[PDB]
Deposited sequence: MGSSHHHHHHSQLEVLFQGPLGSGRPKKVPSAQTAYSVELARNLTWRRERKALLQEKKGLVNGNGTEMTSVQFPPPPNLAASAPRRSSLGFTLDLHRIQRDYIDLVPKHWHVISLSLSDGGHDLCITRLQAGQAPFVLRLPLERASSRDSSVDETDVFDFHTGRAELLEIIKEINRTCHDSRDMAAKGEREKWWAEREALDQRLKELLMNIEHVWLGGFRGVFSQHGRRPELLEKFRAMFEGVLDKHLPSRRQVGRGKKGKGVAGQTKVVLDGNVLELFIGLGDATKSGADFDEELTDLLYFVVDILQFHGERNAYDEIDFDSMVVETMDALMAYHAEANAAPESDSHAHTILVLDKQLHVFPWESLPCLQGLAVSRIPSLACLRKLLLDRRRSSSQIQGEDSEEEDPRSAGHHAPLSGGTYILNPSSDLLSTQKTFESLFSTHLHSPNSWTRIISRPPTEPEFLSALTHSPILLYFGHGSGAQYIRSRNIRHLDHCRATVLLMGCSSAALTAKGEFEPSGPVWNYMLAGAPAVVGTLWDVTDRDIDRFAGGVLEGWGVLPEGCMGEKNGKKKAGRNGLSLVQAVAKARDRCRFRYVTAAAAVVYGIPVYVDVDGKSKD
């Protein structure tokens, strides 16, 4: 607890207040998901969730995920082989899409359950919270025996984070039950004893839900301006393989990853300010002077067709971009692009590691480039799904790249191009309407929205992840 506060002072209090940091790790046993929520100017929140509290433990979840991934990977690489047979290939992938969707639903429902609100990006409102506290403590007085121990606000925020309780058809009964057990356990832990069977949980759910409706009614009447809130995940070595960002509760929200708090801190202090406001919190990369590497191995003819004219028209011609098309970049060219281009686009097979050595990405004085690796398994997870210090992405992060977009497993060209085109429009690298005015989402926000563009949200889009901090395109900057 002493150690954690040193972390708050020396790392978290430097993180923009509209951002919060969540670390995910496992207990030594593997039985518990450990969740820490960190935000500048906020008390740290530490959560320890036993996965089996209610046939589906972590080993089982991870095993199912890796098998699905194995089969997905198998489908990309058959693609060509199947010559009639075309119908069967598609049927196989849609079915895997359905399997992965189901797995993520089960993870959110079973593992997180009523604790999903820990991932909530809602704005904290002390005045409304004090009302909820009063009503909820009232609930406690009315329905418990031992009818003294007071709950931290962060615990109450879990209730708030379940979502808008005033939504037509909203049903929080299991979640609320789950959280009430938590409260009884905390009280119990702090010297207020209570037998489970002597509590009318079913009445408490009803009164608490009404209390949440009261909160959100007030919250809805007076909503705060758009925060441009971002979540940054710190993941244990074996948890990178999980597409956390594609869980129902994080779907569409701006979420990136960072290898460590040390990384995070370095990147924040390296931020470039806009040439010219929550947007000023991100790193700003000029549109001018980027590099794109398009179809380096020459066989991605469909991909080249998709982007060549657009990149010529919108990037190379007016914005002084370096163009590399249907030829491999030499390693010095690649390194030079990383040093000098604010944005590097890689549209090729894999991570591009066939074109640039890992050990040479470390020799770089500074990686200026924000790097998009649009290729198979470009996050370079291990066969066992682990994030290792030797992959390209880790190296970019160590060199100081502000962000890196990559994939957790293998993907088809057509569907990843859909995603990529989405990122570029939303990020403001390309004009609105290109794939069918210039937008300006953060890179993290643009990635989250662009998942919508894929035919398969899970088989393709769930693979897409971003390591780093929010990056904004600075159109007139230099």
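Of the deposited sequence, positions 1 to 91, 146 to 156, 186 to 187, 252 to 267, 397 to 406, 567 to 574, 617 to 619 lack any modelled C-alpha atom.
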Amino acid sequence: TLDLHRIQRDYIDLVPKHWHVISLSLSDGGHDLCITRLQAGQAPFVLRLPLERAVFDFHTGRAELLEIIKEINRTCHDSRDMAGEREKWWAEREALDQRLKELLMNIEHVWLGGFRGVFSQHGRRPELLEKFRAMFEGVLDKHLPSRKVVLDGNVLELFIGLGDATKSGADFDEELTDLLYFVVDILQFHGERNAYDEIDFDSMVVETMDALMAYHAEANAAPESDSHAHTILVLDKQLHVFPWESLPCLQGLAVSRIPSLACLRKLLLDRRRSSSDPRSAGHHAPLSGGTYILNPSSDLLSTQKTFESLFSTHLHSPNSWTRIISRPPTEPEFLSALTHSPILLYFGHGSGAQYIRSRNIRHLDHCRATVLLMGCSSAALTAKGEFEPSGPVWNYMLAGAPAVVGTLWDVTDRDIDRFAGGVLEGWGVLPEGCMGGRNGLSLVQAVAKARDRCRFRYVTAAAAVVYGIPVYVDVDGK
From here on, numbers count along this sequence of modelled residues.
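Stretches compared: 161 to 169, 339 to 347. Higher mean C-alpha B-factor in the entry: 161 to 169.
For the two regions 196 to 204 and 127 to 135, the entry's Cα B-factors average higher over 196 to 204. Among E175, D299, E386, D97, the highest C-alpha B-factor in the deposited entry belongs to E386. Remark: of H284, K142, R327, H230, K142 shows the highest value [criterion: C-alpha B-factor in the PDB entry]. Among the modelled residues of its chain, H20 has a C-alpha B-factor that falls in the highest third according to the deposited record. The deposited CA B-factor of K148 belongs to the highest third of values across its chain. Annotation for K70: C-alpha temperature factor in the middle third relative to the rest of the modelled chain, per the entry. When the CA B factors of the chain's modelled residues are split into thirds, the value for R80 lands in the highest one. In the PDB entry, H240 places in the lowest third of its chain by CA B-factor.
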